[PDB]
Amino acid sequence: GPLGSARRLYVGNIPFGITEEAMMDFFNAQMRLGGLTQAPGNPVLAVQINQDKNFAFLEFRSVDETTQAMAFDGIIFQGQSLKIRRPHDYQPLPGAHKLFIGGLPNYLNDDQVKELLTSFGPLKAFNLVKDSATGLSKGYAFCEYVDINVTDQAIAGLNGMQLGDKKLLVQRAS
C-alpha cells in the first residue's frame, strides 16, 4: 500500500462460465444472509473476471465490509470451493502482528533461533535481544511473518511446548 488495495479481494477457483453479474449477486446475497453487512444495500459494487486464468476480483463499497468477507473462504458456489484472499499489493501496517518469543536457551545464536521460526514460513522482521556490553543473549526475541496468516500457526505450534527443560512462551507482543 501502505493504504492501497483496502477495498478489493481476490477470488480463485470460480465456476466455469460464470458471469460477473451472477458472482456479484451471489456475494451480495451471502453478505446479507450471513449478517456481515453494516448498512442497508449491497456491499459488492463490481466484479472483474479473468476467464483464461479462472479468477475474479471483488470491489467493495467500504473498508470494514471487505475485511468481514474474508470469512467466506472455502464457501461452495456451484460445486466449487472458493479461494478468498487479500490482493498481493495489500499490506497491514508495520508491527501489526509482532510476536514475543520467551524461554529460549541463552547459548543459541540468531540464526539458530530463526531456524525454529522459519519452519512455519518466511519472516519480514526478527531480533534476538542481547546484552550490549557482552553480546550475550537474554533468552527472548521478537518477530513478524511475511504472511500474517502464519502468525496463529506459529503460536499454536510453539506456545507452551517443551524446549530443553524450559516451556516456550509464544504470543502477540501487543
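So that there is no doubt, residue numbering starts at 1 and follows the sequence shown.
*Asks:* Can you tell me which stretch has the higher mean Cα B-factor, 51 to 59 or 102 to 110?
*Replies:* Higher mean C-alpha B-factor in the PDB entry: 102 to 110.
*Asks:* Determine, for stretches 133 to 141 and 25 to 33, which one has the higher mean CA B-factor as deposited.
*Replies:* Result: 133 to 141.
*Asks:* Among the modelled residues of this chain, does the Cα B factor of residue 8 put it in the lowest, middle or highest third?
*Replies:* Lowest third.
*Asks:* Hey, what third does residue 93 fall into on Cα B-factor, ranked over its chain?
*Replies:* Top third by C-alpha B-factor.
*Asks:* Would you check the entry's CA temperature factor for residue 146 and let me know if it's in the chain's lowest, middle or highest third?
*Replies:* CA B-factor rank for residue 146: highest third.
*Asks:* If you rank every modelled residue in this chain by C-alpha B factor, which third holds residue 156: lowest, middle or highest?
*Replies:* Middle third by C-alpha B-factor.
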